[PDB]
Structures are given as C-alpha cells and as structure tokens.
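**Student:** Taking the entry's author numbering, the leading residue of the sequence shown gets 1, the next gets one more, and so forth.
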Amino acid sequence: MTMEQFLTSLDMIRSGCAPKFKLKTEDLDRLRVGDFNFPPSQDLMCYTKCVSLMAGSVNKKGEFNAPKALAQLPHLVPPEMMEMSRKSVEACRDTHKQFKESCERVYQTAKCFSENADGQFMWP
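#1: Give me the Cα-Cα distance between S102 and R93, rounded to the nearest whole angstrom.
#2: Find out if the Cβ-Cβ distance for the pair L73, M82 is shorter than 8 Å.
#3: In three-state terms, what does DSSP make of residue 125?
#4: Taking C-alpha atoms, which residue in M84, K87 and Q108 lies nearest to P39?
#5: Over the uninterrupted alpha helix (DSSP H) stretch that includes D43, give me the two end residues.
#6: Considering only residues of the same chain and omitting the five flanking positions on each side of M84, which have a CB-CB separation below 7 Å?
#7: With H, G and I counted as helix, E and B as strand and the rest as coil, what does DSSP make of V58?
#8: Using only the alpha-carbon positions, how far apart do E63 and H75 sit?
#9: Closest by CA to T95, which one among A55, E115 and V77?
This is the structure we're talking about:
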C-alpha cells in the first residue's frame with residue numbers, strides 16, 4: 001500500500017473500534033503518534049486489542065502471532081515501514097508471555113512496538 005493510504009487507513013481502523021469503548025480524545029491522539037508514556041484505562045487497552053484483532057496479529061486471548069503478523073505486514077504497512085515493523089515484531093514477539101489478561105497483553109505489545117521503533121510509530 002502507499003503511505004497516503006496507510007495514514008488514511010489509521011482513521012478507518014479507529015472508526016471500527018473506538019465506538020465500542022469509553023475513550024479520551026487526548027489518549028487516542030497520543031497513541032496515534034506512538035506516545036504510550038501515560039497510564040492506560042482498561043478501555044484504552046481493550047481498544048488496542050480491538051485494533052490488533054482487526055489486523056489479525058493476535059487471537060481473542062491477546063496472544064501475539066508473530067509468523068502471521070509477518071505474513072500480514074504488506075497488507076498493513078507501506079514499504080517504507082516494513083523494516084521497522086519486522087524489527088518491532090522480532091523485538092516484541094515475547095512480550096505477551098509476561099501478561100495474562102487479553103487486553104493488557106496486546107497493549108503491552110503495542111507499547112513495546114512504539115519503544116522498539118527505530119523511527120516514528122503510529123497507532124490507529
């Protein structure tokens with residue numbers, strides 16, 4: 001996909017998940033720029049789970065599926081973002097094993113992606 005399509009995809013992905021939760025605009029804004037440096041509500045964390053399920057990188061138990069994530073990447077991120085994402089998958093493949101609850105697992109993996117991003121990270 002193109003970068004222009006990717007940035008617009010972010011809003012489309014959000015629209016399919018945001019209405020299911022009680023969320024703060026400020027919080028969503030901060031996640032959009034890859035800033036996970038604030039305490040999340042349960043709603044925000046489950047929001048990140050809803051996003052990842054849509055992407056197909058996790059199951060209902062919030063377990064990160066590294067090979068399918070890597071199989072999916074060309075359908076999720078533009079070519080310019082491939083290297084960074086692959087590195088983030090690898091660095092964060094074993095993050096969900098420290099957490100038991102489904103929403104928290106995904107959130108912590110998402111947070112890991114943002115921190116282990118060698119560039120600008122963007123969350124829907």
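We put the beta carbon where it would ideally sit given N, CA and C, even for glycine.
**Tutor:** Let me lay it out:
#1: 15 Å
#2: yes
#3: Here the chain comprises residues numbered 1 to 124, so residue 125 is not present and cannot be evaluated.
#4: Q108
#5: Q42 to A55
#6: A117, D118 and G119
#7: strand
#8: 20 Å
#9: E115
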